[PDB]
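Colleague: When we follow this note's numbering, the leftmost residue of the sequence shown carries the number 224, and every step to the right adds one.
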Amino acid sequence: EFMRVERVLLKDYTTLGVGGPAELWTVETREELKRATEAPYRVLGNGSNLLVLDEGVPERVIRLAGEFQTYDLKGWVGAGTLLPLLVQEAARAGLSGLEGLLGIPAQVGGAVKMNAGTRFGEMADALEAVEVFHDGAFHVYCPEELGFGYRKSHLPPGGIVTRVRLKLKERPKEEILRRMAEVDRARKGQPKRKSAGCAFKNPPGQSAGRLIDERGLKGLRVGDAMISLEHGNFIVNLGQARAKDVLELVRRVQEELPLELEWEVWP
Ligand SMILES: Cc1cc2nc3c(=O)[nH]c(=O)nc-3n(C[C@H](O)[C@H](O)[C@H](O)COP(=O)(O)OP(=O)(O)OC[C@H]3O[C@@H](n4cnc5c(N)ncnc54)[C@H](O)[C@@H]3O)c2cc1C
Ligand SMILES: [Ca+2]
């Protein structure tokens, strides 16, 4: 009954660095989660796939912390745990199964919601069980029950991923690290770092980054929003970008290429 609730700007809680006002509820316990979800809500993970508009959102924005950030690689892993932590912890433990998720700056819950992945593997591959809170109760699902597709899930309506069990296998630490090194090599062309990740989806048999590059769109700038000079499928925030500027740049790309956004827009 004593969870932290505060007014924030979502620009401070997204990797893109844009976003207006929201009421943030930081939940540490199952009872606090039950209370936070009594009115309309959204769940915020690491904010790495969100384009939040300058007006912000009116709903309660829930962050999972406390018990939801504790983990055991061989047991339950809280959904508020950072996926980059688990990738490194698995290597340390000689546990294979997360290597293909290197470089994805997600919380576990966000990685499940967006079935985050690379050419090497996806979040769904690494799951044994998923606890989802919906309709006022906690339920346990196998991943085959969650409607996974390419960078997609079909969670129960209003579902909050709270905890998972991972599917991992014993391998030599050095081998795990070699696999991770290939993932790192494959990601070398992405910006030395800053964004909400890939802005656009790839059309069937096409590449968004390559298409944007060939169209000469790298370097186009609206205010402080710019198509990265390093990778065509990244829009970067050069300092004080507004979401309006990012959307304008998106529209400019879409005037040239029939691309759909990979980012989710709030509200
Ligand atoms: C530098 C960079 C590189 C990236 N590379 C990749 C990549 O290689 N592959 C890839 O797939 N994606 C990539 N992304 C996109 C992004 O990291 C993924 O979509 C990631 O899964 C989002 O997780 P998040 O915790 O940041 O979620 P957020 O952006 O916070 O939220 C995304 C969605 O998940 C929901 N959500 C968050 N937590 C929960 C929860 N506990 N329960 C239910 N719903 C929840 C939110 O409501 C929202 O709908 C990249 C992003 C960046 C910035
Ligand atoms: Ca079940």
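For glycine and all other residues, C-beta sits at the position ideal for the given N, C-alpha and C.
#1: Does the stretch 345 to 360 touch the stretch 238 to 250, meaning 3 or more C-beta pairs lie closer than 8 Å?
#2: What residue range is occupied by the uninterrupted beta strand (DSSP E) comprising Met-226?
#3: Would you say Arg-386 reaches chain D, if we count a Cβ-Cβ gap shorter than 8 Å as a contact?
#4: Return yes when the Cβ of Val-280 is within less than 8 Å of the Cβ of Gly-332, no when it is not.
#5: May I ask you to verify whether the stretch 441 to 455 touches the stretch 410 to 425, counting CB pairs closer than 8 Å and requiring at least 3?
#6: Can you check DSSP and say which residues form a bridge with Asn-460?
#7: Whose C-alpha, out of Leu-232, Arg-230 and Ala-259, is nearest the C-alpha of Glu-224?
#8: Restricting to Cα atoms, I'd like to know which of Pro-481, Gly-298, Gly-320 and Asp-358 is closest to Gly-340.
#9: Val-406 and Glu-345 - do their beta-carbons sit closer together than 8 Å?
#10: Cβ of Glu-487 versus every heavy atom of ligand 1: is any distance shorter than 7 Å?
#11: Compare the Cα-Cα distances from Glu-483 to each of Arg-342, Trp-299, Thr-385 and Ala-431 and report the closest residue.
#12: Using a Cβ-Cβ cut-off of 7 Å (strictly less than) and excluding sequence neighbours within five positions of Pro-244, which residues of its own chain qualify?
#13: Under three-state DSSP, which class holds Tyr-236?
#14: Check whether the Cβ of residue 177 lies closer than 7 Å to any heavy atom of ligand 1, and answer yes or no.
#15: Distance, Cα to Cα, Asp-447 vs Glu-367?
#16: Taking the alpha carbon of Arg-438 as the point to measure from, which residue in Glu-479, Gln-292, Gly-242 and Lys-375 has its own alpha carbon closest?
#17: Measuring alpha carbon to alpha carbon, tell me which residue in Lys-336, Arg-401, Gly-428 and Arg-342 is nearest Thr-385.
#18: Measuring from the CB of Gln-330, is there a heavy atom of ligand 1 at a distance below 7 Å?
#19: Could you say which of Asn-456, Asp-468, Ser-376 and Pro-481 lies nearest to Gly-242 if we only look at CA atoms?
Modeller: In terms of the structure at hand:
#1: Cβ pair count under 8 Å is below three, so no.
#2: Numbered from 1 along the sequence shown, position 3 holds the residue referred to as residue 226. No beta strand (DSSP E) contains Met-226, which DSSP labels as neither H nor E.
#3: Absent from the structure: chain D. Only one protein chain is present.
#4: Numbered from its first residue, the sequence shown carries residue 332 at position 109. Numbered from its first residue, the sequence shown carries residue 280 at position 57. In this structure, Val-280 does not lie closer than 8 Å to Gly-332 by Cβ.
#5: The answer is yes - the stretch 410 to 425 touches the stretch 441 to 455, with three or more Cβ pairs under 8 Å.
#6: As a position in the sequence shown, residue 460 is number 237, starting the count at 1. In DSSP, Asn-460 forms a bridge with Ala-448.
#7: Looking up residue 224 in the sequence shown gives position 1. Measuring from the Cα of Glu-224, the nearest candidate turns out to be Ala-259.
#8: By one-based count along the sequence shown, residue 340 stands at place 117. Comparing Cα positions, the closest option is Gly-320.
#9: Residue 345 sits at position 122 when you count from the first residue of the sequence shown. Residue 406 sits at position 183 when you count from the first residue of the sequence shown. Contact flag unset, no.
#10: By one-based count along the sequence shown, residue 487 stands at place 264. Placement of the Cβ of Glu-487 at a distance of less than 7 Å from at least one heavy atom of ligand 1 is found.
#11: The residue labelled residue 483 in the question sits at position 260 within the sequence shown. Out of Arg-342, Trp-299, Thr-385 and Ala-431, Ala-431 has the C-alpha closest to the C-alpha of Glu-483.
#12: Here residue 244 is taken as the residue at index 21 of the sequence shown, counted from 1. If we look at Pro-244 and ignore the five residues flanking it on each side, its Cβ neighbours are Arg-230, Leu-232 and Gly-279.
#13: Counted from its first residue, the sequence shown places residue 236 at position 13. Per DSSP, reduced to three states, the secondary structure at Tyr-236 is helical.
#14: Within the shown structure, residues of the chain are numbered from 224 to 490, placing residue 177 beyond reach of any answer.
#15: As a first step, residue 447 must be located in the sequence shown, where it is residue number 224. As a first step, residue 367 must be located in the sequence shown, where it is residue number 144. The straight-line gap from Cα to Cα measures roughly 42 Å.
#16: Residue mapping note: residue 438 aligns to position 215 of the sequence shown, counting from 1. If we check each option's Cα against that of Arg-438, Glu-479 comes out closest.
#17: Indexing the sequence shown from 1 puts residue 385 at position 162. When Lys-336, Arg-401, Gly-428 and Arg-342 are compared, the shortest CA-CA separation from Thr-385 is found for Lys-336.
#18: On the sequence shown, residue 330 is found 107 positions in, with the first residue counted as 1. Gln-330 Cβ: within cutoff of ligand 1.
#19: Along the sequence shown, read from residue 1 onward, the residue named residue 242 stands at position 19. When only C-alpha atoms are compared, the closest one is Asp-468.
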